[PDB]
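Coming up, as C-alpha coordinates: structure 1 and structure 2, two forms of one and the same protein chain.
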Structure 1
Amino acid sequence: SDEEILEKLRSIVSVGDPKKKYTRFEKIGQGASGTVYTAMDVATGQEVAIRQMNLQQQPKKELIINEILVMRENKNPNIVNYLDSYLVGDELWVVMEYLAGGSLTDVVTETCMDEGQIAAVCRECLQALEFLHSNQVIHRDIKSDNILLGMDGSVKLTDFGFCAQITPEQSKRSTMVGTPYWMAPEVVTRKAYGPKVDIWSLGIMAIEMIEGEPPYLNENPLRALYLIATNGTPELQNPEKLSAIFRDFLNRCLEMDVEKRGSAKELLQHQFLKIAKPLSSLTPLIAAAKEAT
(Lines of atoms letter the chains of each structure in order from A and count residues from 1; the text may use other names and numbers.)
(Lines give C-alpha, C1' and ligand atoms only; values in the text may rest on other atoms or scores of the structure.)
Protein backbone atom coordinates (compact mmCIF):
# COMPACT_ATOMS: atom_id res chain seq x y z
CA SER A 1 0.00 0.00 0.00
CA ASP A 2 1.33 3.42 -1.14
CA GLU A 3 0.65 5.23 2.15
CA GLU A 4 2.61 2.83 4.38
CA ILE A 5 5.34 2.59 1.71
CA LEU A 6 5.85 6.36 1.87
CA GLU A 7 5.79 6.37 5.68
CA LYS A 8 8.29 3.52 5.88
CA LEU A 9 10.69 5.22 3.43
CA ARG A 10 10.28 8.48 5.37
CA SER A 11 11.55 6.63 8.49
CA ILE A 12 14.55 5.33 6.46
CA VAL A 13 15.59 8.48 4.58
CA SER A 14 17.65 11.42 5.77
CA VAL A 15 15.38 14.47 6.07
CA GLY A 16 15.07 17.22 3.44
CA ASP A 17 16.47 17.59 -0.04
CA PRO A 18 19.71 15.90 -1.33
CA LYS A 19 20.94 19.11 -3.03
CA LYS A 20 21.73 20.36 0.49
CA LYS A 21 24.51 17.76 0.84
CA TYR A 22 25.48 17.02 -2.80
CA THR A 23 26.48 19.49 -5.44
CA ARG A 24 28.09 18.39 -8.73
CA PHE A 25 25.03 16.76 -10.35
CA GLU A 26 25.75 15.14 -13.75
CA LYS A 27 23.30 12.68 -15.38
CA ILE A 28 24.84 9.35 -16.44
CA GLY A 29 21.88 6.98 -17.04
CA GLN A 30 18.13 6.95 -17.79
CA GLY A 31 15.19 4.91 -16.44
CA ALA A 32 13.70 2.36 -16.47
CA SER A 33 14.17 2.31 -12.66
CA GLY A 34 15.47 5.89 -12.61
CA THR A 35 17.67 8.75 -13.77
CA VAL A 36 21.19 8.09 -12.44
CA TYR A 37 23.57 10.94 -11.59
CA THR A 38 27.10 11.50 -10.31
CA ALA A 39 27.72 14.14 -7.58
CA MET A 40 29.99 15.09 -4.66
CA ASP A 41 29.41 14.88 -0.91
CA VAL A 42 30.45 18.49 -0.30
CA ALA A 43 31.62 17.87 3.28
CA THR A 44 34.02 15.06 2.28
CA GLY A 45 34.56 15.49 -1.49
CA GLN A 46 33.65 11.82 -2.09
CA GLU A 47 32.27 11.34 -5.61
CA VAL A 48 28.86 9.56 -5.45
CA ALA A 49 26.17 7.87 -7.59
CA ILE A 50 22.55 8.97 -7.00
CA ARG A 51 19.41 7.18 -8.25
CA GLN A 52 16.34 9.33 -8.73
CA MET A 53 13.05 7.39 -8.63
CA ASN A 54 9.46 8.49 -9.16
CA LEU A 55 7.64 6.14 -6.80
CA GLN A 56 4.22 6.49 -8.52
CA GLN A 57 5.78 4.82 -11.58
CA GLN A 58 7.94 2.30 -9.70
CA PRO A 59 6.22 -1.13 -9.88
CA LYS A 60 7.75 -2.89 -6.85
CA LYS A 61 8.41 -0.52 -3.91
CA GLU A 62 8.77 -3.25 -1.27
CA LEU A 63 11.96 -4.07 -3.20
CA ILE A 64 13.63 -0.65 -2.79
CA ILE A 65 12.78 -0.67 0.92
CA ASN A 66 14.32 -4.15 1.18
CA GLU A 67 17.31 -3.08 -0.94
CA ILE A 68 18.25 -0.16 1.35
CA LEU A 69 17.57 -2.02 4.63
CA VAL A 70 19.76 -4.97 3.60
CA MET A 71 22.57 -2.80 2.25
CA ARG A 72 22.56 -0.41 5.20
CA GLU A 73 23.04 -3.39 7.54
CA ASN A 74 25.59 -5.10 5.29
CA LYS A 75 28.37 -2.65 4.42
CA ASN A 76 31.49 -4.32 2.92
CA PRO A 77 34.65 -3.15 1.01
CA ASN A 78 33.69 -5.55 -1.85
CA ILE A 79 30.17 -4.12 -2.05
CA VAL A 80 29.19 -0.81 -3.69
CA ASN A 81 27.73 0.43 -0.37
CA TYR A 82 24.53 2.36 0.32
CA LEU A 83 25.34 5.84 1.62
CA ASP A 84 22.17 7.89 2.17
CA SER A 85 18.66 8.50 0.90
CA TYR A 86 16.10 11.28 0.63
CA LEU A 87 12.40 11.28 -0.06
CA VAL A 88 11.00 14.51 -1.53
CA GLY A 89 7.25 13.95 -2.02
CA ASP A 90 6.95 10.93 -4.36
CA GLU A 91 10.58 11.27 -5.39
CA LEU A 92 13.16 8.99 -3.83
CA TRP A 93 16.90 9.57 -4.01
CA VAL A 94 19.26 6.72 -3.15
CA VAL A 95 22.91 7.74 -2.74
CA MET A 96 25.57 5.14 -3.56
CA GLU A 97 29.32 4.81 -3.80
CA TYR A 98 30.49 5.51 -7.33
CA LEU A 99 33.13 3.49 -9.21
CA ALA A 100 34.59 5.17 -12.27
CA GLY A 101 35.99 2.08 -14.02
CA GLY A 102 32.75 0.55 -15.35
CA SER A 103 31.41 -3.00 -15.15
CA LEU A 104 33.22 -6.33 -15.52
CA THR A 105 31.04 -6.89 -18.62
CA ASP A 106 32.96 -4.19 -20.51
CA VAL A 107 36.25 -5.78 -19.44
CA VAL A 108 35.17 -9.26 -20.56
CA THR A 109 33.77 -7.97 -23.91
CA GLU A 110 36.67 -5.63 -24.83
CA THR A 111 39.76 -7.22 -23.34
CA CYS A 112 41.27 -10.62 -22.61
CA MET A 113 41.95 -11.39 -18.93
CA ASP A 114 44.73 -13.75 -17.95
CA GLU A 115 44.24 -16.28 -15.16
CA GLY A 116 45.99 -14.15 -12.57
CA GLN A 117 43.56 -11.26 -13.24
CA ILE A 118 40.56 -13.66 -13.19
CA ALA A 119 41.79 -15.15 -9.87
CA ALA A 120 41.82 -11.60 -8.39
CA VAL A 121 38.24 -10.82 -9.53
CA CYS A 122 36.95 -14.24 -8.29
CA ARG A 123 38.61 -13.72 -4.91
CA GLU A 124 37.06 -10.23 -4.40
CA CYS A 125 33.63 -11.41 -5.43
CA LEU A 126 33.96 -14.39 -3.10
CA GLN A 127 34.97 -12.11 -0.21
CA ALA A 128 31.70 -10.24 -0.80
CA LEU A 129 29.75 -13.48 -1.12
CA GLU A 130 31.18 -14.94 2.08
CA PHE A 131 30.29 -11.82 4.04
CA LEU A 132 26.79 -11.76 2.58
CA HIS A 133 26.18 -15.51 3.06
CA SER A 134 27.36 -15.40 6.67
CA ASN A 135 24.83 -12.58 7.22
CA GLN A 136 22.18 -14.75 5.55
CA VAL A 137 21.93 -12.65 2.41
CA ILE A 138 21.77 -14.25 -1.06
CA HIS A 139 22.46 -11.71 -3.85
CA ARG A 140 20.68 -13.87 -6.49
CA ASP A 141 21.82 -11.92 -9.52
CA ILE A 142 25.57 -12.50 -9.68
CA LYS A 143 26.74 -11.57 -13.22
CA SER A 144 29.48 -9.42 -14.75
CA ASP A 145 27.07 -6.45 -15.22
CA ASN A 146 26.73 -6.51 -11.44
CA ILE A 147 30.44 -6.16 -10.74
CA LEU A 148 31.71 -2.60 -10.73
CA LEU A 149 35.37 -1.76 -10.98
CA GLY A 150 37.30 1.14 -9.57
CA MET A 151 39.94 2.84 -11.70
CA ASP A 152 42.41 1.25 -9.22
CA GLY A 153 41.22 -2.30 -9.98
CA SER A 154 38.84 -2.49 -6.99
CA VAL A 155 36.06 -5.04 -7.43
CA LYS A 156 32.58 -4.53 -5.98
CA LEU A 157 29.27 -6.22 -6.04
CA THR A 158 26.26 -4.11 -6.85
CA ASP A 159 22.54 -4.23 -7.69
CA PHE A 160 21.01 -5.68 -4.56
CA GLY A 161 17.50 -5.19 -6.05
CA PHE A 162 16.95 -8.98 -6.13
CA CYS A 163 18.59 -10.10 -2.84
CA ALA A 164 17.08 -12.48 -0.25
CA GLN A 165 17.39 -12.39 3.53
CA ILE A 166 17.05 -15.97 4.72
CA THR A 167 16.53 -17.17 8.32
CA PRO A 168 17.36 -20.35 10.25
CA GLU A 169 13.58 -20.93 9.88
CA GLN A 170 13.38 -20.31 6.08
CA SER A 171 16.93 -20.92 4.86
CA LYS A 172 15.77 -21.64 1.30
CA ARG A 173 14.03 -19.64 -1.41
CA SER A 174 12.01 -20.50 -4.57
CA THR A 175 11.49 -17.25 -6.46
CA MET A 176 13.05 -17.15 -9.88
CA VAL A 177 14.57 -13.64 -9.74
CA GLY A 178 18.01 -14.13 -11.34
CA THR A 179 19.16 -13.56 -14.92
CA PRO A 180 18.55 -16.83 -16.82
CA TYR A 181 22.07 -17.48 -18.20
CA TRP A 182 23.62 -17.19 -14.74
CA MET A 183 20.92 -19.18 -12.86
CA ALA A 184 21.75 -22.34 -10.98
CA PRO A 185 19.98 -25.46 -12.40
CA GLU A 186 18.21 -26.14 -9.09
CA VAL A 187 16.36 -22.78 -9.31
CA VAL A 188 14.40 -24.31 -12.20
CA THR A 189 14.56 -28.04 -11.32
CA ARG A 190 13.48 -27.66 -7.68
CA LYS A 191 11.64 -25.24 -5.39
CA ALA A 192 14.38 -24.92 -2.77
CA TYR A 193 17.67 -23.12 -3.26
CA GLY A 194 20.23 -21.56 -0.91
CA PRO A 195 23.28 -19.24 -0.94
CA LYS A 196 25.16 -21.59 -3.26
CA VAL A 197 23.19 -20.21 -6.22
CA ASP A 198 25.57 -17.24 -6.08
CA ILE A 199 28.45 -19.70 -6.28
CA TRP A 200 27.03 -21.21 -9.45
CA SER A 201 26.52 -17.67 -10.79
CA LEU A 202 30.14 -16.81 -9.97
CA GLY A 203 31.21 -19.87 -12.03
CA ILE A 204 29.32 -18.67 -15.10
CA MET A 205 30.95 -15.24 -14.58
CA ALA A 206 34.41 -16.94 -14.60
CA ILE A 207 33.23 -18.48 -17.88
CA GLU A 208 32.38 -14.96 -19.12
CA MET A 209 35.93 -13.96 -18.16
CA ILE A 210 37.35 -16.84 -20.21
CA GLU A 211 35.02 -16.89 -23.25
CA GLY A 212 33.56 -13.37 -23.24
CA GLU A 213 30.01 -14.70 -22.84
CA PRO A 214 28.00 -16.99 -20.52
CA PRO A 215 26.91 -20.30 -22.02
CA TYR A 216 23.77 -19.97 -24.24
CA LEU A 217 23.97 -16.16 -24.49
CA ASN A 218 22.57 -16.34 -28.05
CA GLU A 219 19.54 -18.47 -27.08
CA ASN A 220 16.15 -17.20 -26.05
CA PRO A 221 16.19 -16.76 -22.24
CA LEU A 222 13.32 -19.28 -21.91
CA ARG A 223 15.29 -21.97 -23.79
CA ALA A 224 18.49 -21.25 -21.77
CA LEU A 225 16.90 -22.43 -18.50
CA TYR A 226 15.77 -25.64 -20.17
CA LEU A 227 19.37 -26.15 -21.44
CA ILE A 228 20.96 -25.32 -18.07
CA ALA A 229 18.47 -27.73 -16.42
CA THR A 230 19.10 -30.57 -18.90
CA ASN A 231 22.84 -30.17 -19.63
CA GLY A 232 23.94 -29.35 -16.10
CA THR A 233 27.62 -28.34 -15.82
CA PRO A 234 28.41 -26.20 -18.88
CA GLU A 235 31.28 -27.28 -21.10
CA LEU A 236 34.18 -24.99 -21.98
CA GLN A 237 35.00 -24.43 -25.65
CA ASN A 238 38.75 -24.99 -24.95
CA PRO A 239 39.36 -26.52 -21.48
CA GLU A 240 42.97 -27.44 -22.32
CA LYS A 241 43.99 -23.74 -22.53
CA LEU A 242 43.20 -23.32 -18.80
CA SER A 243 45.55 -24.40 -15.99
CA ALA A 244 44.47 -27.51 -14.05
CA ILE A 245 43.79 -25.56 -10.82
CA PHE A 246 41.57 -23.10 -12.69
CA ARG A 247 39.57 -25.98 -14.19
CA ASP A 248 39.31 -27.41 -10.66
CA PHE A 249 38.00 -24.14 -9.27
CA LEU A 250 35.43 -24.03 -12.07
CA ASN A 251 34.33 -27.61 -11.37
CA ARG A 252 33.88 -26.60 -7.72
CA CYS A 253 31.70 -23.57 -8.65
CA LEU A 254 29.60 -25.36 -11.30
CA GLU A 255 29.10 -28.59 -9.43
CA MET A 256 25.56 -29.99 -9.98
CA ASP A 257 25.28 -31.43 -6.49
CA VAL A 258 24.61 -28.39 -4.25
CA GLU A 259 26.11 -30.22 -1.26
CA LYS A 260 29.27 -30.91 -3.33
CA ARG A 261 29.39 -27.33 -4.73
CA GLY A 262 31.89 -25.21 -2.77
CA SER A 263 30.63 -22.57 -0.38
CA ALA A 264 32.18 -19.08 -0.57
CA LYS A 265 34.13 -19.73 2.65
CA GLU A 266 35.61 -22.97 1.15
CA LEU A 267 36.40 -21.44 -2.21
CA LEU A 268 38.34 -18.58 -0.56
CA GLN A 269 40.81 -21.38 0.40
CA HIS A 270 41.17 -22.65 -3.17
CA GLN A 271 44.67 -22.63 -4.68
CA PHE A 272 43.40 -21.05 -7.90
CA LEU A 273 42.97 -17.78 -5.94
CA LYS A 274 46.59 -17.91 -4.78
CA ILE A 275 47.76 -17.04 -8.29
CA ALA A 276 45.79 -13.77 -8.04
CA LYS A 277 47.63 -10.80 -9.44
CA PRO A 278 47.62 -7.49 -7.60
CA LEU A 279 44.29 -5.74 -8.28
CA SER A 280 46.29 -2.95 -9.95
CA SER A 281 47.03 -5.41 -12.79
CA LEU A 282 43.35 -4.88 -13.83
CA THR A 283 43.87 -1.13 -14.47
CA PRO A 284 45.06 -1.35 -18.16
CA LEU A 285 42.08 -3.63 -18.98
CA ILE A 286 39.72 -1.21 -17.25
CA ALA A 287 41.26 1.68 -19.19
CA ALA A 288 41.06 -0.15 -22.54
CA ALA A 289 37.44 -1.24 -21.94
CA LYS A 290 36.51 2.35 -20.96
CA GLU A 291 38.18 3.73 -24.08
CA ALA A 292 36.43 1.07 -26.22
CA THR A 293 33.10 1.72 -24.32
Structure 2
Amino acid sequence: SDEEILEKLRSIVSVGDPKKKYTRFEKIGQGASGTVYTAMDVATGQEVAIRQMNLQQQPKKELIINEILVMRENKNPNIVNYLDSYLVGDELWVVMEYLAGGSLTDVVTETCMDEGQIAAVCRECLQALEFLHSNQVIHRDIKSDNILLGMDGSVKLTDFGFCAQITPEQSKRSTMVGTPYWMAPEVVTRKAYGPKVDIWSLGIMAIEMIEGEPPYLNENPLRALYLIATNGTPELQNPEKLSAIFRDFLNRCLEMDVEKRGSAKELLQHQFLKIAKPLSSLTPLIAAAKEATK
Protein backbone atom coordinates (compact mmCIF):
# COMPACT_ATOMS: atom_id res chain seq x y z
CA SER A 1 0.00 0.00 0.00
CA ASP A 2 1.19 3.52 -0.93
CA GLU A 3 0.48 4.85 2.59
CA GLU A 4 2.26 1.95 4.35
CA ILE A 5 5.30 2.52 2.08
CA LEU A 6 5.51 6.26 2.83
CA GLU A 7 5.35 5.65 6.58
CA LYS A 8 7.97 2.90 6.53
CA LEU A 9 10.21 5.22 4.48
CA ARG A 10 9.45 8.04 6.95
CA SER A 11 10.82 5.86 9.79
CA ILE A 12 14.02 5.10 7.77
CA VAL A 13 15.00 8.56 6.50
CA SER A 14 16.53 11.54 8.26
CA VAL A 15 14.14 14.39 9.08
CA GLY A 16 13.82 17.63 7.15
CA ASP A 17 14.80 19.05 3.80
CA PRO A 18 18.08 17.85 2.26
CA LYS A 19 18.39 21.12 0.24
CA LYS A 20 19.56 22.75 3.47
CA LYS A 21 22.39 20.20 3.69
CA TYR A 22 23.63 19.90 0.08
CA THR A 23 24.57 22.44 -2.58
CA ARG A 24 26.21 22.70 -6.06
CA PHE A 25 23.76 20.27 -7.71
CA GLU A 26 24.60 18.90 -11.15
CA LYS A 27 22.72 16.15 -13.03
CA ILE A 28 25.06 13.33 -14.09
CA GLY A 29 22.45 10.72 -15.07
CA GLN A 30 18.71 10.04 -15.41
CA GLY A 31 16.64 6.91 -16.06
CA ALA A 32 14.30 4.24 -14.67
CA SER A 33 16.01 4.39 -11.23
CA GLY A 34 15.50 8.18 -11.06
CA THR A 35 17.86 11.14 -11.51
CA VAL A 36 21.40 11.28 -10.11
CA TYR A 37 23.24 14.47 -9.23
CA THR A 38 26.64 15.29 -7.90
CA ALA A 39 26.40 17.69 -4.97
CA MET A 40 28.52 19.10 -2.17
CA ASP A 41 27.87 18.31 1.47
CA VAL A 42 27.59 21.84 2.91
CA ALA A 43 29.20 20.83 6.24
CA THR A 44 32.16 18.58 5.36
CA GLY A 45 32.79 19.54 1.72
CA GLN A 46 32.47 15.87 0.70
CA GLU A 47 31.29 15.46 -2.89
CA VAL A 48 28.25 13.17 -2.94
CA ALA A 49 25.99 11.41 -5.41
CA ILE A 50 22.31 11.96 -4.78
CA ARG A 51 19.69 9.70 -6.33
CA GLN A 52 16.32 11.49 -6.51
CA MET A 53 13.04 9.57 -6.89
CA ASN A 54 9.40 10.55 -7.31
CA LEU A 55 7.57 7.70 -5.56
CA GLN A 56 4.44 8.23 -7.71
CA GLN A 57 6.46 6.83 -10.65
CA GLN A 58 8.17 3.89 -8.95
CA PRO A 59 6.36 0.59 -9.70
CA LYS A 60 8.20 -1.55 -7.12
CA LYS A 61 8.63 0.57 -3.97
CA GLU A 62 9.17 -2.56 -1.84
CA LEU A 63 12.52 -2.91 -3.61
CA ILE A 64 13.80 0.58 -2.71
CA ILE A 65 12.98 0.08 0.98
CA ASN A 66 14.87 -3.24 0.78
CA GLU A 67 17.67 -1.49 -1.11
CA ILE A 68 18.26 1.12 1.63
CA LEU A 69 17.87 -1.34 4.53
CA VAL A 70 20.43 -3.74 3.01
CA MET A 71 22.89 -0.89 2.36
CA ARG A 72 22.41 0.48 5.88
CA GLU A 73 23.22 -2.82 7.57
CA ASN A 74 25.90 -4.18 5.20
CA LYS A 75 28.62 -1.54 5.12
CA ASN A 76 31.96 -2.64 3.59
CA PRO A 77 35.15 -1.01 2.12
CA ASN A 78 34.30 -2.59 -1.26
CA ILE A 79 30.66 -1.45 -1.24
CA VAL A 80 29.83 2.15 -2.29
CA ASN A 81 28.98 3.93 0.97
CA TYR A 82 25.34 4.75 1.69
CA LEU A 83 25.33 8.08 3.53
CA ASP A 84 21.78 9.25 4.22
CA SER A 85 18.22 9.38 2.91
CA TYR A 86 15.45 12.02 2.97
CA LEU A 87 11.75 12.08 2.14
CA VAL A 88 9.95 15.31 1.23
CA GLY A 89 6.35 14.58 0.30
CA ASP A 90 6.58 12.08 -2.57
CA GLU A 91 10.24 12.92 -3.19
CA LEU A 92 12.76 10.33 -1.92
CA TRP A 93 16.47 11.18 -1.85
CA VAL A 94 19.24 8.60 -1.42
CA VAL A 95 22.69 10.07 -0.68
CA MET A 96 25.76 8.01 -1.65
CA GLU A 97 29.49 8.63 -1.70
CA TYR A 98 30.54 9.88 -5.14
CA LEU A 99 33.25 7.99 -7.01
CA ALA A 100 34.79 10.34 -9.53
CA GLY A 101 36.51 7.56 -11.56
CA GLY A 102 33.37 6.35 -13.36
CA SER A 103 32.45 2.67 -13.79
CA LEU A 104 34.36 -0.48 -14.74
CA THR A 105 32.29 -0.43 -17.96
CA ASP A 106 34.08 2.77 -19.02
CA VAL A 107 37.45 1.12 -18.34
CA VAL A 108 36.73 -2.12 -20.25
CA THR A 109 35.15 -0.30 -23.25
CA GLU A 110 37.84 2.40 -23.56
CA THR A 111 41.09 0.77 -22.36
CA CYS A 112 43.00 -2.52 -22.30
CA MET A 113 43.65 -3.90 -18.82
CA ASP A 114 46.60 -6.17 -18.11
CA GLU A 115 46.33 -9.34 -15.99
CA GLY A 116 47.78 -7.57 -12.93
CA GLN A 117 45.08 -4.90 -13.17
CA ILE A 118 42.36 -7.53 -13.75
CA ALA A 119 43.52 -9.58 -10.73
CA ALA A 120 43.31 -6.43 -8.55
CA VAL A 121 39.73 -5.68 -9.66
CA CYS A 122 38.62 -9.35 -9.27
CA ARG A 123 40.16 -9.45 -5.77
CA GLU A 124 38.32 -6.28 -4.67
CA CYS A 125 35.00 -7.53 -6.10
CA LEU A 126 35.45 -10.94 -4.40
CA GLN A 127 36.09 -9.13 -1.10
CA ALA A 128 32.68 -7.45 -1.49
CA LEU A 129 31.04 -10.77 -2.45
CA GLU A 130 32.58 -12.78 0.42
CA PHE A 131 31.23 -10.19 2.87
CA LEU A 132 27.74 -10.13 1.29
CA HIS A 133 27.48 -13.91 1.00
CA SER A 134 28.67 -14.40 4.60
CA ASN A 135 25.88 -12.04 5.63
CA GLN A 136 23.32 -13.99 3.59
CA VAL A 137 22.99 -11.36 0.83
CA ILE A 138 23.10 -12.31 -2.87
CA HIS A 139 23.66 -9.27 -5.11
CA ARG A 140 22.16 -10.89 -8.26
CA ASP A 141 23.19 -8.12 -10.69
CA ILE A 142 27.02 -8.26 -10.76
CA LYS A 143 28.25 -6.53 -13.97
CA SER A 144 30.84 -3.85 -14.79
CA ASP A 145 28.16 -1.11 -14.66
CA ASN A 146 27.71 -1.77 -10.95
CA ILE A 147 31.41 -1.54 -10.17
CA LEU A 148 32.36 2.06 -9.46
CA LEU A 149 35.90 3.35 -9.43
CA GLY A 150 37.71 5.92 -7.32
CA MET A 151 40.30 8.25 -8.83
CA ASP A 152 42.80 6.43 -6.55
CA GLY A 153 41.78 3.07 -8.05
CA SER A 154 39.30 2.12 -5.31
CA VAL A 155 36.91 -0.57 -6.54
CA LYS A 156 33.39 -0.52 -5.05
CA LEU A 157 30.22 -2.47 -5.74
CA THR A 158 26.78 -0.87 -5.77
CA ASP A 159 23.08 -1.17 -6.74
CA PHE A 160 21.17 -3.25 -4.24
CA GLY A 161 17.97 -2.85 -6.29
CA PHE A 162 18.04 -6.59 -7.17
CA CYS A 163 19.54 -8.29 -4.11
CA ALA A 164 18.14 -11.25 -2.19
CA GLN A 165 18.38 -11.92 1.52
CA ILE A 166 18.48 -15.66 2.19
CA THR A 167 18.21 -17.88 5.29
CA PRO A 168 18.96 -21.53 6.15
CA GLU A 169 15.17 -22.13 5.85
CA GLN A 170 15.21 -20.63 2.34
CA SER A 171 18.80 -20.74 1.09
CA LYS A 172 17.86 -20.58 -2.60
CA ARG A 173 15.98 -18.24 -4.95
CA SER A 174 14.19 -18.51 -8.31
CA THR A 175 13.39 -14.96 -9.48
CA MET A 176 15.12 -13.91 -12.67
CA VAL A 177 16.17 -10.38 -11.76
CA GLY A 178 19.71 -10.04 -13.15
CA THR A 179 20.96 -8.61 -16.43
CA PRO A 180 20.68 -11.48 -18.99
CA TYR A 181 24.27 -11.51 -20.35
CA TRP A 182 25.79 -11.92 -16.85
CA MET A 183 23.24 -14.53 -15.69
CA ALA A 184 24.35 -17.98 -14.49
CA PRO A 185 22.84 -20.85 -16.51
CA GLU A 186 21.08 -22.34 -13.45
CA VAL A 187 18.97 -19.16 -13.15
CA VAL A 188 17.24 -20.28 -16.37
CA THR A 189 17.62 -24.10 -16.30
CA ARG A 190 16.26 -24.68 -12.76
CA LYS A 191 14.21 -22.81 -10.16
CA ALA A 192 16.82 -22.91 -7.38
CA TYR A 193 20.02 -20.87 -7.30
CA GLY A 194 22.24 -19.52 -4.50
CA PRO A 195 25.17 -17.11 -3.90
CA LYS A 196 27.39 -18.63 -6.63
CA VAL A 197 25.35 -16.87 -9.32
CA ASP A 198 27.36 -13.75 -8.29
CA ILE A 199 30.56 -15.74 -8.84
CA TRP A 200 29.45 -16.71 -12.35
CA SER A 201 28.62 -13.03 -13.01
CA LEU A 202 32.10 -12.04 -11.80
CA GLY A 203 33.55 -14.54 -14.29
CA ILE A 204 31.56 -12.78 -17.04
CA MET A 205 32.92 -9.45 -15.77
CA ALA A 206 36.44 -10.90 -16.12
CA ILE A 207 35.58 -11.75 -19.74
CA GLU A 208 34.54 -8.06 -20.07
CA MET A 209 37.97 -7.06 -18.78
CA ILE A 210 39.67 -9.40 -21.32
CA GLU A 211 37.48 -8.90 -24.46
CA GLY A 212 35.57 -5.67 -23.80
CA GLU A 213 32.08 -7.24 -23.72
CA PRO A 214 30.18 -10.13 -22.12
CA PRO A 215 29.54 -13.08 -24.44
CA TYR A 216 26.46 -12.66 -26.71
CA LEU A 217 26.18 -8.89 -26.12
CA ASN A 218 25.17 -8.33 -29.76
CA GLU A 219 22.36 -10.90 -29.48
CA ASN A 220 18.79 -10.18 -28.41
CA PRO A 221 18.57 -10.66 -24.60
CA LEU A 222 15.97 -13.41 -25.15
CA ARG A 223 18.41 -15.33 -27.36
CA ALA A 224 21.39 -14.75 -25.02
CA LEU A 225 19.69 -16.58 -22.14
CA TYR A 226 18.94 -19.57 -24.38
CA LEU A 227 22.59 -19.35 -25.51
CA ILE A 228 23.87 -19.33 -21.89
CA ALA A 229 21.81 -22.40 -20.88
CA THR A 230 22.80 -24.38 -23.98
CA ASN A 231 26.45 -23.34 -24.49
CA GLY A 232 27.24 -23.47 -20.77
CA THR A 233 30.74 -22.21 -20.00
CA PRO A 234 31.47 -19.46 -22.58
CA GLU A 235 34.50 -19.75 -24.84
CA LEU A 236 37.20 -17.07 -24.98
CA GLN A 237 38.19 -15.71 -28.40
CA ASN A 238 41.93 -16.00 -27.67
CA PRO A 239 42.44 -18.27 -24.60
CA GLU A 240 46.11 -18.72 -25.54
CA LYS A 241 46.86 -15.07 -24.74
CA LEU A 242 46.02 -15.69 -21.08
CA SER A 243 48.33 -17.05 -18.38
CA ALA A 244 47.61 -20.60 -17.15
CA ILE A 245 46.72 -19.26 -13.66
CA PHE A 246 44.20 -16.73 -15.07
CA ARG A 247 42.62 -19.50 -17.22
CA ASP A 248 42.30 -21.65 -14.08
CA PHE A 249 40.66 -18.76 -12.17
CA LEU A 250 38.15 -18.15 -14.98
CA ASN A 251 37.27 -21.85 -15.15
CA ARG A 252 36.59 -21.89 -11.40
CA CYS A 253 34.26 -18.85 -11.78
CA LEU A 254 32.46 -20.21 -14.85
CA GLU A 255 32.01 -23.80 -13.72
CA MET A 256 28.67 -25.31 -14.81
CA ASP A 257 28.48 -27.56 -11.77
CA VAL A 258 27.48 -25.17 -8.94
CA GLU A 259 29.11 -27.47 -6.34
CA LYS A 260 32.38 -27.32 -8.28
CA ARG A 261 32.17 -23.54 -8.94
CA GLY A 262 34.34 -21.56 -6.52
CA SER A 263 32.81 -19.74 -3.58
CA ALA A 264 33.91 -16.15 -2.89
CA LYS A 265 35.84 -17.36 0.18
CA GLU A 266 37.71 -20.03 -1.82
CA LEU A 267 38.45 -17.74 -4.74
CA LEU A 268 40.05 -15.09 -2.47
CA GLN A 269 42.75 -17.76 -1.91
CA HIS A 270 43.36 -18.33 -5.64
CA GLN A 271 46.89 -17.69 -6.88
CA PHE A 272 45.68 -15.56 -9.82
CA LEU A 273 44.85 -12.84 -7.24
CA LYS A 274 48.48 -12.87 -6.05
CA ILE A 275 49.67 -11.31 -9.34
CA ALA A 276 47.52 -8.25 -8.53
CA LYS A 277 49.15 -4.91 -9.13
CA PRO A 278 48.61 -2.11 -6.62
CA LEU A 279 45.18 -0.52 -7.15
CA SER A 280 47.06 2.70 -8.05
CA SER A 281 47.93 0.88 -11.32
CA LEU A 282 44.32 1.42 -12.45
CA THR A 283 44.54 5.23 -12.24
CA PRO A 284 45.85 5.79 -15.81
CA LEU A 285 43.05 3.59 -17.30
CA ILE A 286 40.47 5.41 -15.17
CA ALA A 287 41.79 8.81 -16.33
CA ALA A 288 41.92 7.64 -19.98
CA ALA A 289 38.34 6.21 -19.91
CA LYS A 290 37.12 9.37 -18.14
CA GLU A 291 38.56 11.59 -20.89
CA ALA A 292 37.19 9.26 -23.60
CA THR A 293 33.64 9.37 -22.21
CA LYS A 294 33.79 13.21 -21.90
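Just so we're on the same page, rigid core means the largest C-alpha set that superposes within 1.5 Å between forms. For residue numbers, the reference is structure 1: its sequence is counted from 1.
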item: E47 CA shift between structures 1 and 2 in angstrom, with the core used for superposition; value: 1.3
item: Core-fitted comparison between structures 1 and 2 - CA shift at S33, Å; value: 2.0
item: Core-aligned Cα shift of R190 between structures 1 and 2, given in Å; value: 0.3
